[PDB]
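Since the structure comes first, as C-alpha cells, the remarks are kept for the end.
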Amino acid sequence: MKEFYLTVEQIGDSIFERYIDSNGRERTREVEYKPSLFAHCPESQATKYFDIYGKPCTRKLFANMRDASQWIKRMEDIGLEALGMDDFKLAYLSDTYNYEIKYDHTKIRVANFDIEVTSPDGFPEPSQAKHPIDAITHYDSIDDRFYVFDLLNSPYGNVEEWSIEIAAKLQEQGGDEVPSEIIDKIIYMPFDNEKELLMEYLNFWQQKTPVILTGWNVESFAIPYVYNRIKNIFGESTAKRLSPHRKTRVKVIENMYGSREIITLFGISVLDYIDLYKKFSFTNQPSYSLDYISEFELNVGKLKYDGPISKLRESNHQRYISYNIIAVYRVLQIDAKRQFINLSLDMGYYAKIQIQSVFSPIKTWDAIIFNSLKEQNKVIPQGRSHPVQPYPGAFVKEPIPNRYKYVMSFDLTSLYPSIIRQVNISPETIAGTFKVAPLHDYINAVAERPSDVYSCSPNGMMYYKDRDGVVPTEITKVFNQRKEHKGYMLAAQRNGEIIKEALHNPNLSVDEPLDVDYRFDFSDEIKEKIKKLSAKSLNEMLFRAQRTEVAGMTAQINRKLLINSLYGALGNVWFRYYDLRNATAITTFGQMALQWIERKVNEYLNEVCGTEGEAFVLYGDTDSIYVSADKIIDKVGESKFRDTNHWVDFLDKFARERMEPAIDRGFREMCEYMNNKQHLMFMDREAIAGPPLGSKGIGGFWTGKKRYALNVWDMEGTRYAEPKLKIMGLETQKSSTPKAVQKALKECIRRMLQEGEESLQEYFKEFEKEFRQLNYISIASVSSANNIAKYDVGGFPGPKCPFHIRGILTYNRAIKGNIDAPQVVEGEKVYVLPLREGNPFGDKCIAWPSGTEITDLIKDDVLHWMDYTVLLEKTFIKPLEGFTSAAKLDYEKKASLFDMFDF
DNA sequence: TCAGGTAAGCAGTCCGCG
DNA sequence: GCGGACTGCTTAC
Ligand SMILES: Nc1ccn([C@H]2C[C@H](O)[C@@H](COP(=O)(O)OP(=O)(O)OP(=O)(O)O)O2)c(=O)n1
Ligand SMILES: [Ca+2]
Ligand SMILES: [Ca+2]
Ligand SMILES: [Ca+2]
C-alpha cells in the first residue's frame, strides 16, 4: 500500500513523524529535515523557481530548520521578502507525500475518552487538578473496545466493583441500560489506588497511542486535567508520556474577554468533538452539554441520577461508572451520524496538514495552495502584517412587509466560489484597475464596458484571462467534490419522501427493510417493493435514508464551508493571500449579479404578463430572489387545478422551461459585459411555495430583511409528502427563544400559512389560556453571557447592564456562600426568567446555566415568582404581533355587527 | 468564544421629547 | 411611549 502520515511535528531541528508504512504498520521516525526557502534573484541568473508573479527566485537550502527561521528574521531586518513555506512540517509533508494521499482509516487509531473527577468544593479546575481521577473510559477504534479504568479507593469514598451484569439490565430492573451492542466490548479494570490506575493508563496509552484524540470537552477539561493530575502526582516527565515524543507545551488560548490554558501533546491530533460540532453541525444550541446534544442528535433519554454529581460516586458508584461508559458511547453515536471525524480526515489528508488544522481554513488553504504551486516549481510569497479593515459585503433587498400567496425562489449555485472562478480572481491574476461608475450604472447596463482585454468586477478590478489563477483552480476541485456529495444528499432526501408516501399504506405483513444504497434515486423495482412493505420495515428504511441524508449533508455543507472560507480568507489579515481588492471584487460582483438579475426577471415577467414597471421580485438576499407567482397562477385560474400538486407542477415547469432560460440569458449578457473568463452564474429554482388549494392559508409572509416564512411544497427538486415550513430569521429559528414558545410560534405560523386567520385566532386563544402550565425550562429565554465582571458592581448591576447579565448577578447573590452550587460560566449560555415585583431575589430577572435544572436551593422560589405575564408578552405576543401585522391578519377576533343575536 | 467573511434583525439601556 | 445611539446577541447569507 501507499504510505501515509498520521501525525507530524517539528521539535527543534527534527521532524517527528508517525506514519503508516507500505506494509500497513504504524511507525515513527525522526528526520533531520533540511528546509528550503527562496529569495528573488537577477533575471540573468538561470533558475527553475519563480514566484507567483513570474519573478525569478533562487532556492536556499538550509543545514537545519533553525537556520531557516533565523534567515527569515534577518531578511526582515534587511527589509527583503523571504519567500517559501515557513511552516516546515508542511514542506516536509509536501516532499514526503508528493502524491494524492489515499488513507486507510482502519489503520488510524482514533481514541475517545472521558474522565470522572469527584469534587466536593465546586468545579474541579484542570489547571489545579487537586482531586483524584476516579474513572476513565477510553474507547480505541482499532480494538473496538471500551477500556474502563475504575478507582475503587479514594479519599472521597471507598466503593465496590462495577457490575457489568447490573449495567446491562433495564432501568426497570434497577440497571443502567448500557446498550447491549457495547456490553461485550467493555474491558473493565478496577484499581485499589489512583497511582496504579494512572500508571496503568499510561502503559496502556504507550501501547495504544491515539493518533486522533476526541471526546467531549477533552481539549478544555479531560486532557489538561489528566496531564496536570499526573504531573502533580508523579512529576513532569511522567505526564509528558501522553506525548509519543515526550514533548508537551502549555498553550494559552486567548479570546476577547480572557484566556484559558490547554495542553499541546506533540505527536497527537486532538479533535475535541464539541469543537467539531460547533464548526461543522450548523446548529446554534441553547446548551452544549453532552446530554443536551445527545438528546438533540440521537433522541436518547436524559441520563438520570439522584443528588449532585459530587455525591454520585459515593451513593451510586454502579451508575457513576455506567454513565461514564455511556458518555463515551454517545460521542461515538453522534459521530456515526454526523461523521465529522471522517470529514476531518478527508480534509486534512487532501490539504496535507496536521489533521487538527481543519479548524483553520486559512491553514488548510495555505497548504492546498502551496502544494499546488510547488507542483509547478512556483514559490509562495511571504506572509505579511495587515491592519484589520472593514469592507463591503452582500446586497439585501428591503421587502414590503406583507403576506405573499404564491412564491417561487431562485438561488445562485455556490455564488462566491462561482464568482472567483468566473472572474478569475486570484493573487497572481490581478491585471490592473478600471475607472468605476456607480454600481447602479452597471446594474442597469448604462456604464461603459470596463475592459475589452481583461475579466472585470464592478469594484474596478481587472483579471487575466489567459489562464486560471491558483485560487480558481483549487477552489474548483473542492467545489466539484461538494457537488458530488450534495447529489447524494438530495437523492437520499428524495428517497426519504418516497418512503413517507408508502407509509400512508403500510402492508400487514412481516418482512425486512430492503438492502439499498440511499445515495441514489430508487429504481422502479425498489419503488414497487417498497409499496409492499410493512410499517416496521418502511420506518427502518426511512431512518436509514435520513442517516444517509445527514451523511451527505455533512460532506457537502462543509465542503461548501471550506470554499466559502477561501473567499473569507481573502478578507482575513492572517491569510498569505489576504487582499481586500480581491475580497471586495467578489462581494461587489455579487451585489451587481443579484440586482442585475432582479431587473432581468422583472423585465421578463412584465413582458409575459403584459404590464410595465411592476415588481415581481419581492425580495432578495446576497444571491437569491423571491418571485411573486400570483399573476402566473391567476392567468391559468385557480379553478383549473385538480389539487395542490397540480399547480406545484405547473410552477415547477414554468420555472424550469421559461424562467431559468430567461435568467441564463440575462447572466450570459452580464458575463460578456464584465468580459469574464467563464459564465458560471447558474441560478436555479429553489422553493415553490403557496397555501393548500382551496384553503384560507396565506402561503407566506415577510416582516423585513432576513425575516420571512413560506409554506413549501417543493425544494430543489424534492417534492414533499407533506408541505414544509421554511422559516428564516423569525423567533422560531432563534436559540434565544424559549423552546415551548418556538413550538407555539411555529404552530401559529403553520396555521397562518396553511389554514388562515380563524385557525390562528383559535390557537392563540388556547395558548394564552394554558401556557402557565408549561415547564419553566421550556419557557425560559436563552443567551450567551459575556463580560459578567464588567457589569458586576458589588454584586449588583452596573450602568448599562444587559438584562441577561442582570439575571446572572441576581442568581449569584441568591447562591452566595454555596461552594457546591452550579456556577454560571463566563462565555457560555444561561436560561433567563423574568421575576414579578416584590420577589425575594431583589430584581426583575434571574439566570442560571443553560441545559440544567436551576439548583433546588432556589428553584421553588423562582417558580413561585416567575413573571408569566411578562414572559408571554415579550417572547410570544410581541413576535406574533410582528408576524400578524406584516401579514395583515388579527390574532384576536375583532368585534363585528353580528355580536350579538340569538336573544 | 482559537480556528474564514459582511448585513442586519430584535432586546434592552439610557434618555430625550416641551 | 417611542425613537435614536449604543451594546449585546443572534440570525441569513
Ligand atoms: N457561511 C457562509 C454562507 C454564505 N456566505 C456567502 C458565500 C456564498 O456563496 C453566498 C451565498 O450563500 P448561500 O447560503 O446561498 O450558499 P452558496 O451559494 O455558496 O451555496 P449553495 O447555494 O450552492 O448551497 O454567501 C459566506 O461567505 N459564508
Ligand atoms: Ca446560493
Ligand atoms: Ca403498501
Ligand atoms: Ca441563498
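Basis for what follows: all heavy atoms, side chains included, without hydrogens, waters or symmetry-related copies. The sequence lines fix the lettering, A, B, ..., with proteins before strands; numbering per chain opens at 1.
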Between protein and nucleic acid, restricted to nucleotides 3-7 of chain C and to nitrogen or oxygen atoms under 3.5 Å apart, what atom pairs and distances do you find?
unit_1: C:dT7; atom_1: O3'; unit_2: A:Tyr791; atom_2: OH; d: 3.4

Round to the nearest Å and state the distance from A:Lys279 atom NZ to B:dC2 atom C1'.
10 Å
Report which part of the nucleic acid A:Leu415 touches: base, sugar-phosphate, or nothing (heavy-atom distance under 4.0 Å, all strands).
nothing
May I have the distance from A:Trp365 (atom CH2) to B:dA3 (atom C1'), rounded to whole angstrom?
16 Å
Could you tell me the separation between the CD atom of A:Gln285 and the P atom of C:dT11, rounded to a whole number of Å?
10 Å
Of A:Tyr257 and A:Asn284, the one whose closest nucleotide on DNA chain C sits nearer the 5' end is A:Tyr257
Ignoring the backbone of A:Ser360, work out which of B:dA3, C:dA12, B:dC2 is nearest its side chain.
B:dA3
May I ask you to check whether A:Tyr404 and A:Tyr619 show a side-chain donor-acceptor distance below 3.5 Å?
no
Whole-angstrom distance between C:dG8 and B:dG4, as gauged at atom P:
24 Å
Could you tell me whether A:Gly393 contacts a base, only the sugar-phosphate backbone, or nothing, with contacts defined as non-hydrogen atoms closer than 4.0 Å?
sugar-phosphate
At under 4.0 Å, does any side-chain N or O of A:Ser735 touch on OP1 or OP2 of C:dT11?
yes
Please tell me which of the listed nucleotides, B:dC2, B:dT6, B:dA3, lies nearest to the side chain of A:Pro361?
B:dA3
When A:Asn402, A:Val407, A:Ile625, A:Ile400 are each screened for side-chain contact (heavy atoms from CB on, under 4.5 Å) with A:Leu618, the one that passes is A:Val407
Select base, sugar-phosphate, or nothing to describe what A:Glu254 touches, counting heavy atoms under 4.0 Å on all strands.
sugar-phosphate
Sign check on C1'-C2'-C3'-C4' at B:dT13 (positive = north, negative = south) puts the sugar south
Angle class for the A:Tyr868/A:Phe771 ring planes (parallel below 30°, perpendicular above 60°, tilted otherwise)?
perpendicular
Between A:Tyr577 (OH) and B:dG5 (P), how many Å, whole number?
18 Å
Between A:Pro879 and A:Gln591, just flag the one whose closest nucleotide in DNA chain B comes earlier from the 5' side.
A:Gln591
Rounded distance (Å) that lies between atom P of B:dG12 and atom CD of A:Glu873
12 Å
If you measure from the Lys or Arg side-chain nitrogens to the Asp or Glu carboxylate oxygens, is any gap between A:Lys363 and A:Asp87 under 4.0 Å?
yes
With a distance cut-off below 6.0 Å to the six-membered ring centre and an angular limit of 45° from the axis, does A:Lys800 pair with A:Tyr791 as a cation-pi contact?
no
Would you kindly give the OH-to-P distance between A:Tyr416 and B:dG5, to the nearest whole Å?
14 Å
NZ/NE/NH1/NH2 to OD/OE distance under 4.0 Å, A:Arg559 and A:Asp346:
yes
In whole angstrom, give the distance that lies between atom CG of A:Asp621 and atom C1' of B:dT6.
11 Å
What residues, two or more places apart in sequence or in another chain, satisfy side-chain contact (heavy atoms from CB on, under 4.5 Å) together with A:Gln733?
A:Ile727
Taking the basic N atoms (NZ, or NE/NH1/NH2) and the acidic carboxylate oxygens, is any pair closer than 4.0 Å for A:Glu731 and A:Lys734?
no
Under 4.0 Å, counting only non-hydrogen atoms across every strand here, what does A:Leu570 touch: a base, just sugar-phosphate, or nothing?
nothing
On the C1'-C2'-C3'-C4' criterion (positive north, negative south), the furanose of B:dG5 is north
Donor-acceptor side-chain pairing of A:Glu826 and A:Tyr257 below 3.5 angstrom
no
Nucleotides 8-10 of chain B: which of its N/O atoms have a protein N/O under 3.5 Å away?
unit_1: B:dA8; atom_1: OP1; unit_2: A:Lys705; atom_2: NZ; d: 2.8

Closest-nucleotide ordering on DNA chain B, the 5'-leading residue of A:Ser784 and A:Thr587:
A:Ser784
Determine whether the side chains of A:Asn572 and A:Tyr578 contain a donor N or O and an acceptor N or O closer than 3.5 Å.
no
Has A:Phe803 got its ring stacked on B:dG12, by the test of a centre gap below 5.5 Å and a plane angle below 30°?
no
On the side chain of A:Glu219, is there an atom forming a donor-acceptor pair with the base of B:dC2 - under 3.5 Å, no angle test?
yes
Using atom NZ of A:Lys278 as one end and atom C1' of B:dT1 as the other, report the distance to the nearest whole Å.
7 Å
Is any side-chain N or O of A:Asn786 closer than 4.0 Å to OP1 or OP2 of C:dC9?
yes
A:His804 vs C:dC9: side-chain N/O to OP1/OP2 distance below 4.0 Å:
yes
Can you tell me which nucleotide in B:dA7, C:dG8, C:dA12 comes closest to the side chain of A:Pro392?
B:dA7
Identify whether any heavy atom of A:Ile253 sits under 4.0 Å from a base atom; if not, whether one sits that close to sugar-phosphate; answer base, sugar-phosphate or nothing.
base
Side-chain touch A:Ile369/A:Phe575, heavy atoms, less than 4.5 angstrom:
yes
OP1 or OP2 of B:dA7 under 4.0 Å from side-chain N/O of A:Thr622
no
To check you understand the geometry: which heavy-atom pair defines the closest contact between A:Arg421 and A:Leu680, and what is its length?
CB-CD1, 3.4 Å
At 4.0 Å (heavy atoms only), tell me whether A:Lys874 reaches a base, stays on the sugar-phosphate, or touches nothing.
sugar-phosphate
